[PDB]
């Protein structure tokens, strides 16, 4: 990646890069606002838009999808990216667009789905789609949500909140939970999500914060792990990430803790 970010070292990705693992032959669908494929630093292998007012998945009028695409490649430089536009320029989307993106990812044999998006109430139809994706063997990763805390209540957003989906919270460069990072027993792992520098539309770069930035560190880590263990199932990849995480404190705030892709890749 052309923009330096602490987050790649923080999850111990350089150790795997040094071993020769960069996520070769792994298909990662970015279900987001698009990917600006004109970025000199991003190669997008294919895609689809399901946003009827925004018909080009290879442009990004929001900036999130391009940023997230860059983070996946910063962690897994050889991953194959797919731009699946399910959110419009305002970063908002309908359940149906998301389902269409999940179904496209199944039909096109994606290895990993990243969904840096959430709703507070969720959708039974989205649940059926993500569960189908996971049953078909896709690693499904989502942002845990930016809804902070609510006493003893879970604030994890949908679809992260569903058991089939890996819910990723955000830490800063000091491994402290970001104040915005959602919490609850559904939180699975943490990754870097504060002031992450990555690709922006119009050939730009810049820092963004959110569980949206934490999720692609884990999507990229899944790509690294599959490159070292191409025969592993999604269940095995998920188990590896959860079972080898660095514990950071109470699981309500931190889940299993910070992903350690060096440890997870065995």
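Numbering follows the first chain given and starts at 1.
When the mean C-alpha temperature factors of 16 to 24 and 247 to 255 are read from the deposited coordinates, 16 to 24 comes out higher.
Legend: mean Cα B-factor per stretch from the PDB entry, 202 to 210 versus 45 to 53; the higher mean is in 202 to 210. Out of 192, 122, 101, 145, the entry records its largest CA B-factor for 122. Residue set 83, 168, 117, 135: peak C-alpha B-factor at 135 (per PDB entry).
In this PDB entry, the Cα temperature factor of residue 108 sits in the middle third of its chain's modelled residues.
Sort the modelled residues of the chain by CA B factor and residue 220 lands in the lowest third. Looking at the C-alpha B-factors along this chain, the one for residue 34 belongs to the middle third. Ranked by C-alpha B-factor against the other modelled residues of its chain, residue 159 falls in the lowest third. Among all modelled residues in this chain, the alpha-carbon of residue 65 has a temperature factor (C-alpha) in the lowest third.
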